[PDB]
Amino acid sequence: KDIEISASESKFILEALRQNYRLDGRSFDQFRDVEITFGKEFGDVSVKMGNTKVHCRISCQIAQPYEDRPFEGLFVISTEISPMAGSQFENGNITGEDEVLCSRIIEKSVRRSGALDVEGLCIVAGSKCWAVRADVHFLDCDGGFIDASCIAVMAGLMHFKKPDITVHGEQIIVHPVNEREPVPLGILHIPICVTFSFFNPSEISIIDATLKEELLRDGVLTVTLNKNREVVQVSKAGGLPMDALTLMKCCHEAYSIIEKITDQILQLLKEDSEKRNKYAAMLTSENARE
Amino acid sequence: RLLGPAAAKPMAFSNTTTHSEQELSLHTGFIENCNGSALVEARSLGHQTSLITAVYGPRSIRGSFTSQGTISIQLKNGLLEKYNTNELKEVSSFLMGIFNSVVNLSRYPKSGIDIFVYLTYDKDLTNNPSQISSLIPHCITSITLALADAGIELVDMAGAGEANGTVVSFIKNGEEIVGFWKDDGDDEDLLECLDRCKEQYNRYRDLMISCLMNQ
Amino acid sequence: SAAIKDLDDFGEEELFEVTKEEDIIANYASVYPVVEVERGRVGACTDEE
Amino acid sequence: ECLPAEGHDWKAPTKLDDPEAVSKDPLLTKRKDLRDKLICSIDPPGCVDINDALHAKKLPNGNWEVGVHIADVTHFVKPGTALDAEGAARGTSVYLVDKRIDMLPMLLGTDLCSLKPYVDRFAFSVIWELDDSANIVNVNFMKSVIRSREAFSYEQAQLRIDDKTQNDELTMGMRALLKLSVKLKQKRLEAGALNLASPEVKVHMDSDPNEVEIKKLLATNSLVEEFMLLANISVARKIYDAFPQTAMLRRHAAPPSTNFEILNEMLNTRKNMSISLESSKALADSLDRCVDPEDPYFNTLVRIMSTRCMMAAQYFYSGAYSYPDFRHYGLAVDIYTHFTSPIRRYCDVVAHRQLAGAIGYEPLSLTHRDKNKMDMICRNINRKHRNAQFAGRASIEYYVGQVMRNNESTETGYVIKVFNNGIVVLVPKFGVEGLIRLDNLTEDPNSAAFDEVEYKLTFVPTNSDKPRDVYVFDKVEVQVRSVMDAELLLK
Amino acid sequence: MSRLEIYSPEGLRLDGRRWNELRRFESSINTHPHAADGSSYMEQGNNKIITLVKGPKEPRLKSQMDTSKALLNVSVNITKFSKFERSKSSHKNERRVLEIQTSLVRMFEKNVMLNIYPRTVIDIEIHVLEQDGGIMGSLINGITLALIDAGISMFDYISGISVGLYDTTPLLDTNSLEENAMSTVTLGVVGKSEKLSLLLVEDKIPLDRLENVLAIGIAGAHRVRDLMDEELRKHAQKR
Amino acid sequence: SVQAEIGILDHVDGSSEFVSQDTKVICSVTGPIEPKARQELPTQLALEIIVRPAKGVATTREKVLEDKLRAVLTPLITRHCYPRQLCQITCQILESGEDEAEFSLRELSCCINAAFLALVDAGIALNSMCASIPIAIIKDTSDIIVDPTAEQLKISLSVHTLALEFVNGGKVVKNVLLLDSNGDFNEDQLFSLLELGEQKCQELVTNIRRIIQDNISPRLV
RNA sequence: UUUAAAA
RNA sequence: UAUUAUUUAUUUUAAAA
């Protein structure tokens, strides 16, 4: 019930790496071309980078805040993997290493690192708050699971819109989405994950390994940056021991990637906003005088 | 759906709004899924008890090489007077220590016997405010009935009785004790506890053979 | 009471009445049943239950 | 889906008897073709939302055919639709300095409902017949089609009226409106009407703000004002005659003596003057006799300070008050309403629908006959009215604050209230109030003294050794400094 | 406690230490001789950790047998009384434990010569009795010392240290109060080398500030290796 | 009109994507593959049906959705020519296209059409063809409508899911695979929509046959 | 709880 | 009967002639 790699295939891919050759034709520091597609409802995002395809789905509901932080909203994320992305995955295996690590990294990047404005999700302190949920669906597994999932969640949160709320003394009314247009969430910074795969025949490091390269891997490193030159999160455990010089090279190379991907999400959101707001030029209330 | 809305609270009834003989009824053989069935009901004073016991065995365990059999007893809540799951499993381990001394285990190699007791209704009609001690004797009599109906060999009958939280299970017409259970109660009292339970044991020892010889 | 009537505003209330779509089954509730088919097994809820 | 499908291509039919036109709009038959009237518009320069338009023609019997024409907004904003609900919630249009919040989409306010010149436009006309004394002989209300000949500004209208080389029919019509407005205002001031001043200034933009400009008045400003007042009075009487239980009207309560109590104590024990409180005419005539020989602006200062003592005007429906309570203290009129601005105010939208029910153009909506719904509407538009005034006064006060730090200068002003540890100065150059705390006013606030009876505060000025006494109503000179690590001082 | 000074101009922290001073490090070996093959009672500051190594032994079921190396299983048990407030078990709190356990397995499976012990399993049972910041680094030190007690062959030491960055001042061995007020980096340094086997950054840190934090992190971790090494010298010479 | 694609996923034997109104369902099929010990059938093929919701985790709602989707595909597959083998059919609901708390017929209908197309792309032996449509009747004017919108469901008296089996060029209705009805209706309304549905499914397979032929024909020679 | 007019 | 065995293989000494 697992993937079988022949000895010749393992030797060919590794020797190709020793000759600066990747089967797909990318460089060692080249990220796969990401493609963001937005659905009908808000918070519906499908990410395609190479043969890897992931689909995200944002939702929210009124919930009880944590008693330790009565002024913050909750953030939930589930990254279960179905046999759809490959028969090597068992359906119902929620506690798998890939599922746990993917959830924890996006959770640290979004919730813990302040990417999502949880204080803006506060309705009534200590009682009512927004619980923004992010569902991730692994459609086709060709490596880069957490890299694609982090782009899907961050694109979904910036594309998602929550119902409106009016403060009337001690009363609070939630407008239906059919009456008033929903309000977008608060997104401070945009964290993007970049995973590095290491090999040894003098070590070789490739960015965003495919499924075949991921299986012949000797060590994995995940970094998360934003356009503000901040290191949102780093996860490296085991594998080939590395030093501070190799990491900083990974972070500087990843910053060149996350900066371009950030500008793409901002541009692709702007294009999607205009597509669904054709007659928005007539409905403007706040207008300039003369 | 299930569970329902989390914001809902269960109903609360206030106590300030408006205001010898232990009956027994026995039946056996009525569940087609299992081998031996049983249904015991008892209503004394303001406390009515009705529970159902089913025996699924003997089941041949694949790859097992045990010399004797293994008994598995499991208590399960019903619909009224729900007890905590920890105390239910405590009575289960106490019951398994009883029937492992009664059921002929050597007559079932490489196999196991699974017991299922359902406390379907444990009514209590006290006027104004462990309660599980009043059901242990009724559960022992129910398992022995379903074990006998399932064609399982039982070395002598097994019954018990309550004496203010003191539950004692006897065998060989009270000659030897097979189980001891006592919650709350008082001190020094012991001779009267073993006496009140022994006469209650003989009351159940022959009443079980009554319905087992008829039908 | 999360109704817009409590806002005491005629404009918002009229906008709510126009944009509100009919939801016939929204006026009805249901029971939350718990099925327990005893088949001599242990574990979580069966697909039948 | 509530706006017309034609959009900018919407045009008024050329033939009101056209079968295709009346098939889509059956109410077109009850419309008076007035496109032969030489109607003009007078609005501030660079105006895109034209609510009113006037015309004047001399009848053969010596009288004049004066008629104001108001945008037929209720022809597009129908009740029970989301367009009505959106306008009712906004209540009015808020006019800030840089931005402006509209009550209705720009498709209506800027193009279709606005009385644009050279284009046929629907309107709600109010035709009068005045004599040489500006007395109404008969009033008639009708929905009409008009074509504005010109759209002058206030400065452009003042030029053509004072121009001597133009004597066409439209120009002569603008001469009559000027001679009839001064006669209407004459009898209004004799009836007891007030004459208050308001610090209304507007700043110019390209940074962005550079300087503040006080707006000067013209004789054409009062020309349109008297006929807008006359239009609202006539419609108020008409809509109350048809629906005495739910008529959308506006009232103004009489000011209690408590409001003018503190103001008279200041003028008596510092200027030796007072304000009469017997009647509205006694109050207006007392302000005219309340003037300082050295400060010509001091007379306008008392008129401004007395405006804050005035009661707040109120929208209401006629079924909740007896007729004597309909009185409007400020205008000294028996009954008044708002009608000549349905693009801005929502109160006028309800007046148009009620006026259309009195004429028989279309039946009045049942929501405008409900006392419960009308009571809620009146409370909302009252709240949205003060909020729109507080928003404008704050936008003018903030954007002028950027002119204080980005343009250091010295400006003259008058003090309006003295405190134990501060003075409030009013500047006519900017029309805003300024608080000068005692800590920022002297080097030693512990040696100061406050006299409550004479309304003075004695302190040792900064960079000065001689104490200065600052009474109320003093023509002081203030400066502007930037101490941040905006502020006004006292020269 | 209350509103405190994190790093005073006098170079003193809220608990009295300085920027490069570690908490008290009291380690112990062979604390459970009749219950495991390797024992280490780690007491780093207020952190109290019991690490038990059971192996290499035959697997209970052949479903977890490798014919070329041993299997490494790390079980981290965080007691209900490890903090002040007795924490109740949360469904979300179970995910953070699995991430720590997996990070520990992947860390020591590369340093422990599993090839020498084929067809065997090595169970690592950990009990955290009290935590006060820097718990991830202290878990590493307990595993390293417990594996050595069990005679398990390794390539070198694995030292765990936690570094915090406050404004522009890095701080060594962060406690619970300091972690609540700054970003924290945990490191897994291999022996006296400058090589990292673990690097967890769970809070935002500027990129230009990360280079220096790692240098001071691997340096202070060498000091942790000395404290662990000396404890093994004293325990071997006295026995 | 409906949209559908084939062979979209790489690491599975057969995939598809079915779209109707706003309901989008991506389905994948992998088989025959090695079954688990608790799955193998001695004589025929075993099926693993999995449907996952667009939001939240898989609840008991999708469990009855699996059981209905299973009852449709099981007679539609020649299970006996794959003894001791497994087929994994996984449906992923991208957008529900309906109120999930109230209705689930628009998702069941799309999962049937997506699973059938994915089974065609995979190469599983199918006994015939299949089509599925949702049906509803409006409260005020008791009118039968095929493929109702989300707003029409909230104004309907009863909802219906009709799944038919087509043979011989898509003209002969061999059997009625699934007819799931909930709401208020009598015997006259049943055969009225059943007759109406048989001709709307008949033009669906005619359009489905065109969809799959436009994709499989360029593959073959 | 700032009168009136045009914005 | 370890030069023996495990079949969807728990074998962990298959080397010499």
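Conventions and cut-offs
- Residues numbered from 1 in each chain as written, not as in the entry; some residues may be left out.
- Chains lettered and ligands numbered in written order.
- Part of a larger assembly, values for the part shown.
- Heavy atoms only, no water.
- Residues with missing side-chain atoms left out of burial classes, pairs and counts.
- UniProt positions renumbered as here; feature names shortened; annotations may be inferred.
- Pairing = 2+ DSSP bridges.
- Helix = DSSP H or I, 4+ residues; strand = E, 2+ residues; numbered from the N terminus.
- Right-handed = clockwise from strand over helix to strand, strands pointing away.
- Near = heavy atom within 4 Å.
- Polar contact = N/O pair within 3.5 Å; in protein donor to acceptor, adjacent residues only side chain to side chain.
- Nonpolar A, V, L, I, M, F, W, Y, C, P; charged D, E, K, R; others polar.
- Contact = heavy atoms within 4.5 Å.
- Buried area = accessible area lost by both parts, 1.4 Å probe.
- Salt bridge = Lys/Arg side-chain N within 4 Å of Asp/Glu carboxyl O.
- Core = buried A, V, L, I, M, F, W, Y, C linked by side-chain atoms within 4.5 Å.
- Buried < 20%, exposed > 50% of the residue type's maximum accessible area, 1.4 Å probe, protein only.

- Chain F goes by Exosome complex component RRP46 in the PDB entry, where it is assigned to Saccharomyces cerevisiae.
- Recorded in UniProt under Sequence similarities, the annotation for chain F is "Belongs to the RNase PH family."

- Within the PDB entry, the label attached to chain A reads Exosome complex component RRP45, and the organism entered is Saccharomyces cerevisiae.
- Taken verbatim from the UniProt record of chain A, the Sequence similarities comment is "Belongs to the RNase PH family."

1. So, the pairing of strand β5 (residues 121-130) of chain E
Residues and elements named next belong to chain E.
(1) Moving on: Here strand β3 (residues 47-57) pairs with β5 via eight bridges, running antiparallel. Paired with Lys57 across the bridge in β5 is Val121.
(2) Moving on: Sheet analysis places strand β4 (residues 71-78) next to β5, joined by eight bridges and oriented parallel. Paired with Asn73 across the strands is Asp123, a residue of β5.
(3) Moving on: Of the crossover connections in this fold, the one passing from β4 over helix α1 (residues 93-111) to the parallel β5 is left-handed.

2. What about the protein's contact with RNA strand H?
(1) Moving on: Taken together, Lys62(E), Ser63(E), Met65(E), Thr67(E), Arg119(E) and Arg84(F) make up the full set of residues adjacent to RNA strand H.
(2) Moving on: Taking the atoms of RNA strand H that fall within 4 Å of the protein, sugar and phosphate contribute 53% of them.
(3) Moving on: In the environment of RNA strand H, a base oxygen lies 3.0 Å from a nitrogen or oxygen atom belonging to the backbone of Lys62(E).
(4) Moving on: Contact distances for RNA strand H include 2.7 Å between a sugar or linking oxygen and a side-chain N or O atom of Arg119(E).
(5) Moving on: Class assignment for the residues of the surface near RNA strand H results in one nonpolar, two polar and three charged.

3. Digging into the environment of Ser156(F)
(1) Moving on: Mapped onto the fold, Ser156(F) is located in strand β8 (residues 156-167).
(2) Moving on: Sequence separation between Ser156(F) and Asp143(F) is 13 residues; the distance between their C-alpha atoms is 9.5 Å.
(3) Moving on: Ignoring any residue separated from it by four or fewer positions in sequence, one finds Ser156(F) in contact with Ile24(C), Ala136(F), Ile137(F), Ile138(F) and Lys139(F).
(4) Moving on: A distance of 2.3 Å separates a polar side-chain atom of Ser156(F) from the backbone oxygen of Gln152(F).

4. Some details on the interface of chain A and chain E
(1) Moving on: Facing the 34 residues of chain A at the interface are 27 residues of chain E.
(2) Moving on: When chain A packs against chain E, the two sides together hide about 2,900 Å² of surface, and 55% of this comes from carbon and sulfur.
(3) Moving on: Contact with chain E buries area across many residues of chain A, yet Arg104(A), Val231(A) and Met248(A) alone supply 17% of it, more than any other trio.
(4) Moving on: The interface formed by chain A and chain E holds ten salt bridges in total.
(5) Moving on: With its nearest N and O atoms 2.4 Å apart, the salt bridge here joins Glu107(A) to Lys92(E).
(6) Moving on: At the junction of chain A with chain E, the criterion picks out 17 residue pairs in polar contact.
(7) Moving on: When residues of the side of chain A that touches chain E are traced back to their parent elements, those giving at least two are α2 (97-112), β15 (230-242) and α5 (244-275) of chain A.
(8) Moving on: The element best represented in the side of chain A that touches chain E is β15(A), accounting for 13 residues.
(9) Moving on: Looking at the side of chain A that touches chain E, its residues break down into 15 nonpolar, nine polar and ten charged.
(10) Moving on: One ladder, built from five bridges, connects β15(A) with strand β9 (residues 196-201) of chain E; its direction is antiparallel.

5. Some words on the environment of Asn35(B)
All names here are of chain B.
(1) Moving on: Here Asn35 is to be found in the loop between β1 (23-27) and β2 (36-44).
(2) Moving on: Separated by 46 residues in sequence, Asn35 and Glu81 place their C-alpha atoms 28 Å apart.
(3) Moving on: Setting aside residues no more than four positions away along its own chain, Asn35 makes contact with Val55, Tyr56, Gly57, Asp149 and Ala150.
(4) Moving on: For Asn35, the side chain forms a polar contact with the main-chain oxygen of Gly57, separated by 2.8 Å.

6. Some details on the nonpolar core
(1) Moving on: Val153(A), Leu247(A), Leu147(E), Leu187(E) and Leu199(E) are the most contacted members of the largest nonpolar core, which has 127 residues in total.
(2) Moving on: It is α5(A) that contributes the most residues to this core, twelve residues altogether.
(3) Moving on: For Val153(A), the contacting residues outside a window of four places in its chain are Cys56(A), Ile58(A), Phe75(A), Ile77(A), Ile106(A), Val110(A), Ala134(A) and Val136(A).
(4) Moving on: Counting residues in hydrophobic clusters, the runner-up holds 53 residues, among them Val25(F), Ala163(F), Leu204(F) and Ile211(F).

7. Concerning the protein's contact with RNA strand G
All names here are of chain D.
(1) Moving on: Taken together, 37 residues form the shell around RNA strand G, and within it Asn51, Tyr154, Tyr336, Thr340 and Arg344 come nearest.
(2) Moving on: Protein-adjacent atoms of RNA strand G, using a 4 Å cutoff, are sugar or phosphate at a proportion of 65%.
(3) Moving on: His338 places a polar side-chain atom, nitrogen or oxygen, 3.1 Å from a phosphate oxygen of RNA strand G.
(4) Moving on: Here a sugar or linking oxygen of RNA strand G and a side-chain polar atom of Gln389 are 3.5 Å apart.
(5) Moving on: For the surface near RNA strand G, the secondary structure elements donating two or more residues are α6 (219-242), β11 (248-252) and α11 (371-405).
(6) Moving on: When residues in the surface near RNA strand G are grouped by element, the largest group, four residues, is from α6.

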